[PDB]
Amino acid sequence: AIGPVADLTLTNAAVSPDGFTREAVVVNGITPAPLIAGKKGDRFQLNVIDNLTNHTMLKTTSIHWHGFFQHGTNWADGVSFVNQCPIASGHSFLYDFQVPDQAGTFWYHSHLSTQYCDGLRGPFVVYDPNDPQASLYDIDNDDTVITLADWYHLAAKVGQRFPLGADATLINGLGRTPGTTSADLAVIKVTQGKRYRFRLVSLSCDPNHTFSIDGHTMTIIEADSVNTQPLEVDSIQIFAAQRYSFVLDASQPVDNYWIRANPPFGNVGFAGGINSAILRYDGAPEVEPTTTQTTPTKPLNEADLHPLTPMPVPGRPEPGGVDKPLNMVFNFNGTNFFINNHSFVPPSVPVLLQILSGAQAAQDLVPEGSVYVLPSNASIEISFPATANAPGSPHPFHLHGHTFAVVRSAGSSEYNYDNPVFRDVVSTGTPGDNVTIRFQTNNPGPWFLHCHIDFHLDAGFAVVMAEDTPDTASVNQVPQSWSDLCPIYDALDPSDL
């Protein structure tokens, strides 16, 4: 795997991951983008080189490193017009950050418009040389990463605004459509008698996926970047941008077994081997599995996940019991999503730059209603009440700059102020849920908060949490090339975007 120091060269290319050629945004020649790897304590120097030529999929770009805190490097967080202006084609930009206090399973993706959908999305793993879970498995390497990607035959700008689901689901970059039921499937090799730490990464743009492996169970040991107490399951519903590590014990008979990743909409089920890949034991014939689906008897619920090392819930054990409660009221006008009456529109001057220039109060920050200012070292609680008014539910909400406690999950009326799982992406459920989260403001800067369905994000389903605006300038020392981005971008012709 490349990294922790590396060149990420962006180009446009024809790809056919599911048997059908279309143009894509690729990274060092491939989509999904390649695995970036390093270890706890590393310094990542990822030099993004923009050589994109296709305006329809955007020649400009910006890259987010999903799940990293970026403490004191808010400039590198990637999010376009919040954290930087876009990189222009013909240019480079070095993302330079440290990961001193974090390990686990992450990913990276374009954070401009719906560009990540057109192919700029890949896995990112930070290994812990003293992983507390290491005794549970034998093998954890580049070949134990499993990615899932909803794949479209029409490009994101050319297609529907809220598309009717994917054409294919890609498992490790490969899969089938109804029209291409003899395209190559991905194969994941195992050896009988060994235990694998599989790191499952959703690169999804919209649908969630219900993931299983015939004949096998999965012992979950990590949710997003957070180590969990081991939880054995046999089906996982993974929402856009979520991750899980799970241990698979490869001690079934030597055979081919179907790996299944069924989306809630699009092309559903398994006809012709769609939404499928192959788990192949060494020595088995190199042929499709003939295993059949078993009804799950131990599906994953977020309520059953708890952290491995105790992770104390900020604030006090009762609703609204924190320095700053917020409630996020979703709505939708048929075109744009709205949070507390406002649809995020990206500003010309990035929010960070606004703050550096001296804008530190919510009323002086543009766009007016979308930016909330938070005091430092303060406990926060945010509730995301699902509503008939925000269609496309369940919406998986993501907070940059933080992992957070999920005190109330989707499908639960219970509040857990004691030992809830922490993570960075959480499903806000269906009408009747009031999914609720907590975190401490210990990370000065402006951090995006949004639905990770990329079509909803591009339609304004976002706000910005500008924490500690007074110390934001001094804590986030900016490099000259970051300063150079906006003049270069603002100089561009509309057709060169």
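In this text, residue numbers run from 1 along the sequence as written.
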* Do the C-alpha atoms of 386 to 394 or of 202 to 210 have the higher average B factor in the entry? -> 386 to 394
* Name the higher of the two by mean Cα B-factor in the PDB entry, 66 to 74 versus 468 to 476. => 468 to 476
* Asked: Checking the entry, which one of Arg195, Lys324, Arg423, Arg280 has the top C-alpha B factor?
  -> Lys324
* **Per the PDB entry, maximal CA B factor within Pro289, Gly272, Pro317, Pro285** => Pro317
* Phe93, C-alpha B-factor rank within chain (lowest, middle or highest third) -> lowest
* Among the chain's modelled residues, which third holds the C-alpha B-factor of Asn262? -> middle
* Check where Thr53 lands among this chain's C-alpha B-factors and tell me if it's the lowest, middle or highest third. => highest
* To do: Quick one: classify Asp140 as lowest, middle or highest third of the chain based on its Cα B-factor.
  => lowest
* Please place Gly215 in the lowest, middle or highest third of its chain by C-alpha B factor as given in the entry. => lowest
